[PDB]
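One structure below.
Coordinate-derived values only; no laboratory data. As a convention, Cβ positions derive from the backbone with ideal geometry for all residues, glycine included, and neighbour counts pool all protein chains shown.
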Amino acid sequence: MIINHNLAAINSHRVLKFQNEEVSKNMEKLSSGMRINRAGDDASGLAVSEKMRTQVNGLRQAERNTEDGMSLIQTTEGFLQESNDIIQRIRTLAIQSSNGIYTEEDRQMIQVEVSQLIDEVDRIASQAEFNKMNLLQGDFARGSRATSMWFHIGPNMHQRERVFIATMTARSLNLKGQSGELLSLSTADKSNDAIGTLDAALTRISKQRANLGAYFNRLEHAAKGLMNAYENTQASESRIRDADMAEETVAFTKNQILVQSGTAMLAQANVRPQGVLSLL
């Protein structure tokens, strides 16, 4: 028997060391909880998982953006509500002032309230704000040269939609003139003519409310779609990257038993050449 080299021990050790490497890979997978932990396990799977992680993060952020845009729209509509109520009050006052039983003094008394209400409309226009941004002054109007409002409702580069808000000053409503002269109710004839102007202003405010309502409805649908897409994308990403722990435990236990058996066989092969010494 050859004792200068122990080939059985060499073979047993080689098998054992590669079994130990397999055990280490299993432990990595079990402690992290992810099937892919280093490049090499599945390169294309890792690339697809990273793209899907980008998509998941973007879908969550886009849903948050959609909620924020919803909040902005809701604030703007809430601001328009007060203006609509004020214009309704002014129209009722114009109906009353058209009657012939009133003198000029009573019409001036009505014009006092008209002046206060028109000033309140202008105050709403110039002071309605969202995150230090004016909403009703025409900054986001269709032909505006100041700025534009965009909502980024998608996880990718150009997935954004534009929102237009028109001007609700007493001027775009024709309650204030070019030189700043207020709408007048001080005479019966002018009060009668003021009914049509107030009707047109109510029409403009209603159109603006309809536009914002449509914007909100669309944002609702977009948010529901974004949540559904995010759930599906998380399902796909976890199906590609996350480890199944039952299978991993099975493989780990098998490799542990193999390591134990290989160690026993290495110990057995180490003492094998001791039988030669009986011949010396």
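For the chain, the C-alpha radius of gyration divided by 2.2 N^0.38 Å, with N the number of residues, is 2.09.
Pairs of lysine residues in the chain that meet both criteria, 8 or more places apart or on different chains and Cα atoms under 27 Å apart, total 14. The angle between the Cα long axis of helix 245-270 and the longest principal axis of the Cα atoms of the chain comes to about 20 degrees, rounded to the nearest 10. Rounded to the nearest 500, the helix-only mean residue ellipticity at 222 nm of the chain stands at -24500 deg cm²/dmol, with each DSSP H run of n ≥ 4 adding -39,500 (n - 2.57). Short-range pairs are left out: with C-alpha atoms under 8 Å and at least six residues apart, the relative contact order of the chain is 35 percent.
Between amide H atoms placed 1.01 Å from N, distances below 5 Å from residue 140 occur with 165, all of them 5 or more places distant or on a separate chain.
Here is the list for segment 83-152: trypsin sites (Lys or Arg not before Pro) lying in DSSP coil, each with at most 11 other C-beta atoms within 10 angstrom of its C-beta, are 132, 142, 145.
What you get for segment 63-240, charging only the Cβ of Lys and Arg (+1) and of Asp and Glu (-1), is a dipole of about 700 debye around the Cα centre. Axis of helix 104-127 versus longest Cα principal axis of the chain: the two differ by about 20°, to the nearest ten degrees.
Taking the C-alpha atoms only, the angle from helix 188-241 to the longest principal axis of the chain is near 0 degrees.
Taking label positions 7 Å along the Cα-Cβ direction at both residue 200 and residue 227, the computed distance is 4.5 nm, reported to one decimal.
Phi angles across segment 156-172 convert, under the Karplus curve 6.51 cos²θ - 1.76 cosθ + 1.60 with θ = phi - 60°, into 3J(HN,Hα) values of 10, 5, 10, 8, 9, 10, 9, 10, 10, 10, 7, 9, 10, 7, 5, 7, 4 Hz, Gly and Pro given as x.
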